[PDB]
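Engineer: Got a file for you: work18.cif, mmCIF, C-alpha atoms.
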data_coords
loop_
_atom_site.group_PDB
_atom_site.id
_atom_site.type_symbol
_atom_site.label_atom_id
_atom_site.label_comp_id
_atom_site.auth_asym_id
_atom_site.auth_seq_id
_atom_site.Cartn_x
_atom_site.Cartn_y
_atom_site.Cartn_z
ATOM 1 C CA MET A 1 -18.267 -243.587 6.689
ATOM 2 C CA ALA A 2 -17.853 -244.959 10.206
ATOM 3 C CA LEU A 3 -17.532 -242.715 13.242
ATOM 4 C CA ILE A 4 -14.297 -242.924 15.214
ATOM 5 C CA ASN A 5 -14.795 -244.144 18.770
ATOM 6 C CA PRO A 6 -12.634 -241.826 20.918
ATOM 7 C CA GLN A 7 -12.872 -244.018 24.015
ATOM 8 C CA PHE A 8 -11.852 -247.244 22.247
ATOM 9 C CA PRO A 9 -9.997 -246.410 19.029
ATOM 10 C CA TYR A 10 -8.042 -248.910 16.969
ATOM 11 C CA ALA A 11 -5.054 -248.770 14.653
ATOM 12 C CA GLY A 12 -4.429 -249.933 11.107
ATOM 13 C CA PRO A 13 -4.072 -253.553 10.026
ATOM 14 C CA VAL A 14 -1.169 -255.603 11.375
ATOM 15 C CA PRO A 15 0.596 -258.318 9.326
ATOM 16 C CA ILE A 16 -1.029 -261.757 9.397
ATOM 17 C CA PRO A 17 -0.016 -265.129 7.854
ATOM 18 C CA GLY A 18 -0.125 -265.143 4.078
ATOM 19 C CA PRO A 19 -1.224 -267.494 1.281
ATOM 20 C CA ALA A 20 2.197 -268.493 -0.221
ATOM 21 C CA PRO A 21 2.654 -265.596 -2.672
ATOM 22 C CA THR A 22 3.364 -267.472 -5.921
ATOM 23 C CA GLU A 23 0.189 -269.522 -5.532
ATOM 24 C CA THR A 24 -1.906 -266.374 -6.046
ATOM 25 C CA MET A 25 -0.098 -265.649 -9.337
ATOM 26 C CA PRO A 26 -1.397 -267.477 -12.434
ATOM 27 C CA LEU A 27 0.296 -268.689 -15.592
ATOM 28 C CA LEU A 28 -0.554 -266.906 -18.848
ATOM 29 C CA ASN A 29 -2.139 -269.907 -20.610
ATOM 30 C CA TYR A 30 -0.263 -270.408 -23.889
ATOM 31 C CA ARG A 31 -2.532 -270.739 -26.986
ATOM 32 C CA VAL A 32 -1.481 -273.029 -29.863
ATOM 33 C CA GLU A 33 -2.625 -272.490 -33.457
ATOM 34 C CA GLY A 34 -5.900 -273.995 -34.611
ATOM 35 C CA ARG A 35 -7.909 -274.813 -37.688
ATOM 36 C CA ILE A 36 -11.543 -275.229 -38.659
ATOM 37 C CA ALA A 37 -11.065 -278.752 -39.923
ATOM 38 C CA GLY A 38 -12.114 -280.329 -43.191
ATOM 39 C CA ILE A 39 -12.879 -279.175 -46.716
ATOM 40 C CA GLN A 40 -16.297 -277.517 -46.691
ATOM 41 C CA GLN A 41 -18.963 -278.397 -49.229
ATOM 42 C CA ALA A 42 -20.268 -275.565 -51.381
ATOM 43 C CA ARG A 43 -23.999 -276.225 -51.080
ATOM 44 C CA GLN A 44 -26.461 -278.076 -48.856
ATOM 45 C CA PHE A 45 -29.500 -280.196 -49.733
ATOM 46 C CA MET A 46 -31.892 -278.068 -47.728
ATOM 47 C CA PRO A 47 -35.129 -279.460 -46.218
ATOM 48 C CA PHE A 48 -37.095 -276.300 -47.096
ATOM 49 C CA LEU A 49 -37.233 -274.238 -50.264
ATOM 50 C CA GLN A 50 -35.530 -270.852 -50.097
ATOM 51 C CA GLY A 51 -38.014 -268.894 -52.199
ATOM 52 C CA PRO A 52 -41.307 -267.097 -51.640
ATOM 53 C CA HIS A 53 -44.729 -268.698 -51.523
ATOM 54 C CA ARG A 54 -48.217 -267.435 -52.305
ATOM 55 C CA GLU A 55 -50.979 -267.018 -49.736
ATOM 56 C CA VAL A 56 -53.941 -267.286 -52.116
ATOM 57 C CA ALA A 57 -54.430 -268.972 -55.474
ATOM 58 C CA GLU A 58 -55.562 -266.891 -58.444
ATOM 59 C CA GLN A 59 -57.585 -268.289 -61.331
ATOM 60 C CA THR A 60 -55.699 -268.238 -64.631
ATOM 61 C CA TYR A 61 -57.282 -268.153 -68.078
ATOM 62 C CA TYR A 62 -56.445 -268.928 -71.676
ATOM 63 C CA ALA A 63 -58.261 -267.605 -74.728
ATOM 64 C CA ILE A 64 -60.252 -269.907 -77.001
ATOM 65 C CA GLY A 65 -62.044 -269.331 -80.278
ATOM 66 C CA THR A 66 -65.616 -270.123 -81.210
ATOM 67 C CA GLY A 67 -65.973 -271.541 -84.707
ATOM 68 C CA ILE A 68 -67.164 -270.667 -88.176
ATOM 69 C CA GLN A 69 -70.310 -268.574 -87.810
ATOM 70 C CA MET A 70 -73.136 -269.728 -90.073
ATOM 71 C CA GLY A 71 -76.272 -268.128 -91.448
ATOM 72 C CA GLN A 72 -79.792 -268.728 -90.214
ATOM 73 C CA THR A 73 -83.359 -269.226 -91.393
ATOM 74 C CA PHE A 74 -85.235 -266.462 -89.596
ATOM 75 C CA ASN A 75 -88.979 -266.407 -89.134
ATOM 76 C CA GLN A 76 -89.804 -263.302 -91.029
ATOM 77 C CA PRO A 77 -92.459 -260.720 -90.088
ATOM 78 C CA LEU A 78 -95.578 -259.806 -92.007
ATOM 79 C CA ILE A 79 -95.895 -256.776 -94.267
ATOM 80 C CA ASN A 80 -97.015 -253.521 -92.624
ATOM 81 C CA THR A 81 -100.163 -252.977 -94.679
ATOM 82 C CA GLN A 82 -101.592 -250.721 -91.932
ATOM 83 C CA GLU A 83 -102.106 -253.678 -89.548
ATOM 84 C CA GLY A 84 -99.281 -253.497 -87.020
ATOM 85 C CA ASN B 1 -24.561 -275.484 48.175
ATOM 86 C CA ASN B 2 -21.373 -274.722 50.146
ATOM 87 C CA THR B 3 -21.993 -270.973 50.491
ATOM 88 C CA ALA B 4 -25.666 -270.282 51.123
ATOM 89 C CA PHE B 5 -26.518 -272.652 54.015
ATOM 90 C CA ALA B 6 -24.692 -272.049 57.303
ATOM 91 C CA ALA B 7 -25.096 -274.270 60.348
ATOM 92 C CA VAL B 8 -25.877 -273.147 63.899
ATOM 93 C CA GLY B 9 -22.662 -271.386 64.903
ATOM 94 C CA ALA B 10 -21.246 -270.860 61.417
ATOM 95 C CA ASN B 11 -20.446 -267.459 59.937
ATOM 96 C CA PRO B 12 -23.673 -266.105 58.377
ATOM 97 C CA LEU B 13 -21.916 -263.402 56.349
ATOM 98 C CA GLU B 14 -22.224 -264.972 52.887
ATOM 99 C CA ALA B 15 -25.036 -267.407 53.658
ATOM 100 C CA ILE B 16 -28.691 -267.026 52.721
ATOM 101 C CA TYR B 17 -30.308 -269.368 55.249
ATOM 102 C CA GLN B 18 -29.114 -270.579 58.638
ATOM 103 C CA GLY B 19 -30.614 -273.114 60.998
ATOM 104 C CA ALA B 20 -30.394 -276.516 62.608
ATOM 105 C CA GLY B 21 -31.521 -278.206 59.396
ATOM 106 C CA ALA B 22 -29.121 -276.403 57.081
ATOM 107 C CA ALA B 23 -27.087 -279.540 56.376
ATOM 108 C CA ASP B 24 -29.933 -281.089 54.364
ATOM 109 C CA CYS B 25 -30.774 -277.962 52.365
ATOM 110 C CA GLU B 26 -30.300 -277.976 48.615
ATOM 111 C CA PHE B 27 -30.665 -275.624 45.704
ATOM 112 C CA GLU B 28 -33.058 -276.760 43.007
ATOM 113 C CA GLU B 29 -32.659 -274.096 40.306
ATOM 114 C CA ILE B 30 -31.054 -270.695 39.881
ATOM 115 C CA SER B 31 -32.124 -268.529 36.949
ATOM 116 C CA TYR B 32 -30.478 -265.258 36.012
ATOM 117 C CA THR B 33 -31.560 -262.589 33.540
ATOM 118 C CA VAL B 34 -29.261 -259.751 32.470
ATOM 119 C CA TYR B 35 -30.701 -256.515 31.083
ATOM 120 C CA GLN B 36 -28.423 -253.931 29.492
ATOM 121 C CA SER B 37 -29.401 -250.293 29.954
ATOM 122 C CA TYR B 38 -27.762 -248.047 27.369
ATOM 123 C CA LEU B 39 -28.273 -244.857 25.375
ATOM 124 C CA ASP B 40 -28.904 -245.064 21.643
ATOM 125 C CA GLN B 41 -29.625 -242.259 19.131
ATOM 126 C CA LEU B 42 -26.376 -240.491 19.957
ATOM 127 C CA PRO B 43 -25.842 -236.910 18.738
ATOM 128 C CA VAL B 44 -23.309 -236.386 15.960
ATOM 129 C CA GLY B 45 -21.618 -233.104 15.076
ATOM 130 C CA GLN B 46 -19.443 -232.211 12.130
ATOM 131 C CA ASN B 47 -16.428 -233.786 13.897
ATOM 132 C CA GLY B 48 -18.097 -237.100 14.683
ATOM 133 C CA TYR B 49 -19.665 -238.059 17.999
#
Please re-express this file's structure in structure tokens.
Structural biologist:
Amino acid sequence: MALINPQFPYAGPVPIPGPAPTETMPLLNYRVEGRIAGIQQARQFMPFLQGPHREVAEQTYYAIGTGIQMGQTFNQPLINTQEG
Amino acid sequence: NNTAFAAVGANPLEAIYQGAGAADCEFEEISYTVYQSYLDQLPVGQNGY
């Protein structure tokens, strides 16, 4: 967006020496076929386990029984003959 | 030193000093300073300047 100087104008570009025209043109680089080499193993001996863990520990229980329940020799009360 | 010091009898047209001792005169320094006076902030129409 330059302003044209009317007192000192200039013309378009003139030819100048050039950079040997084939040396600015590249070759198209020619890929050969390739292979991810080797026979891959199916599994890996991992350093960490792959499953979930638990944040807190919960107390577990198992039921037990008591035993054969016996009789008893109670201390027996007195007879309510109007004193009680 | 060959222009500015004319002897007694020499042409003083382009000299600066003239006298009987003008043979042994010498410049020491000359300084110049150039200032350009121009106009900026030029008006611009729809067809340029």
Engineer: Compute the chain B side of the contact with chain A at 12 Å, counting all atoms listed in the file, and hand it back as a VMD selection string.
Structural biologist: chain B and resid 42 to 49
Engineer: Quick one: pull the distance between atom CA of residue B:30 and atom CA of residue B:8, Å, one decimal.
Structural biologist: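 A separation of 24.7 Å between them.
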Engineer: Please put the answer as lines of an AutoDock Vina configuration file: centre and edge lengths, in Å with one decimal, of a box along x, y and z that encloses all listed atoms of stretch 41-44 of chain B plus 5 Å on each side.
Structural biologist:
center_x = -26.5
center_y = -239.3
center_z = 18.0
size_x = 16.3
size_y = 15.9
size_z = 14.0
Engineer: Kindly resolve the PyMOL selection byres ((chain B and resi 21) around 10) on the present coordinates and return the residues as a PDB file with C-alpha atoms, in the frame of the given file.
Structural biologist:
ATOM      1  CA  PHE B   5     -26.518-272.652  54.015  1.00  0.00           C
ATOM      2  CA  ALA B   6     -24.692-272.049  57.303  1.00  0.00           C
ATOM      3  CA  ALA B   7     -25.096-274.270  60.348  1.00  0.00           C
ATOM      4  CA  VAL B   8     -25.877-273.147  63.899  1.00  0.00           C
ATOM      5  CA  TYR B  17     -30.308-269.368  55.249  1.00  0.00           C
ATOM      6  CA  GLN B  18     -29.114-270.579  58.638  1.00  0.00           C
ATOM      7  CA  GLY B  19     -30.614-273.114  60.998  1.00  0.00           C
ATOM      8  CA  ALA B  20     -30.394-276.516  62.608  1.00  0.00           C
ATOM      9  CA  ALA B  22     -29.121-276.403  57.081  1.00  0.00           C
ATOM     10  CA  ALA B  23     -27.087-279.540  56.376  1.00  0.00           C
ATOM     11  CA  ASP B  24     -29.933-281.089  54.364  1.00  0.00           C
ATOM     12  CA  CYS B  25     -30.774-277.962  52.365  1.00  0.00           C
TER      13      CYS B  25
END
Engineer: Please compute the atom CA of residue A:26-atom CA of residue A:12 distance, one decimal, in Å.
Structural biologist: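 Pair atom CA of residue A:26 / atom CA of residue A:12 returns 29.5 Å.
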Engineer: Between atom CA of residue B:15 and atom CA of residue B:3, what is the distance in Å, rounded to a tenth?
Structural biologist: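 Separation between atom CA of residue B:15 and atom CA of residue B:3: 5.7 Å.
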